[PDB]
Amino acid sequence: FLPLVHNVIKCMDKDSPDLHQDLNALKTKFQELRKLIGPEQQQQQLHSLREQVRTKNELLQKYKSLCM
Amino acid sequence: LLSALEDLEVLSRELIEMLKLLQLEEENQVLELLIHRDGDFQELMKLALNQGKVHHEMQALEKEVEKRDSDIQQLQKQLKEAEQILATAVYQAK
């Protein structure tokens, strides 16, 4: 999250020299990014899907040899 | 899963930044936000990979279902023919 670090750096550099106060802009941008962005459950689901796809491919290839 | 955790971490970081506080709470919030961003990136990559794998598996399953339907129709025709032949044989056997 480079935005929070950049906001903290700007607030620390502009503590005494408050020429351009972008604290509100940074907070609004952070809130908007958090609203727009939206555990290992996804990884487990992906592993299960990969295993199921491998099983389906194996089952499809099991019916390759067929004479009559 | 990762979406809700990343959103909660970003909300906590924004609430901490809305307000120093011993230079500890801000650093902890920044670290939590960075970890949440990394986890969200990893989760997006995993979701893209899972969507690709799901599309591939759906294509394979559609092909298998078409093959199974064709085989079922062929076996049904063959079974009807064999039943007719068996009836004719039982009739002609006497």
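Cβ atoms come from the backbone with ideal geometry, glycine included; neighbour counts cover every protein chain shown. A short reminder: the numbers here are calculations on the coordinates, not readings from a lab.
Values for this structure:
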quantity: Selection from segment A:47-68 of residues that are within 26 Å of the chain's Cα centre (by Cα) and of a type in the set (A, V, I, L, M, F, W, C); calculated: A:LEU49, A:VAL53
quantity: Residue that is surrounded by the most Cβ atoms within 10 Å (Cβ to Cβ), among those in segment A:1-17 that are facing another protein chain (nearest Cβ under 10 Å) and in a helix (DSSP H, G or I); calculated: A:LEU4
quantity: Residue count, segment B:41-94 (criterion: within 14 Å of chain A (Cβ to nearest Cβ) and over 30 Å from A:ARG34 (Cα atoms)); calculated: 20
quantity: Unique residue being surrounded by 11 or more Cβ atoms within 10 Å (Cβ to Cβ), β-branched (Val, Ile, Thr) and part of a helix (DSSP H, G or I) when the list is B:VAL90, B:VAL54; calculated: B:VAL54
quantity: Close pairs (7 angstrom Cβ cut-off, 6 or more residues apart or separate chains): of a type in the set (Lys, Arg) in segment B:61-81, part of a helix (DSSP H, G or I) anywhere; calculated: B:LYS63/A:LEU60
quantity: Filtered residue count, segment B:1-34, keeping only those that are of a type in the set (A, V, I, L, M), assigned to a helix (DSSP H, G or I), more than 7 Å from chain A (Cβ to nearest Cβ) and within 22 Å of A:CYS11 (Cα to Cα); calculated: 3
quantity: Restricting segment A:18-49 to residues that are aliphatic (A, V, I, L, M) and part of a helix (DSSP H, G or I), the residue that is farthest from the other protein chains (Cβ to nearest Cβ); calculated: A:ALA25
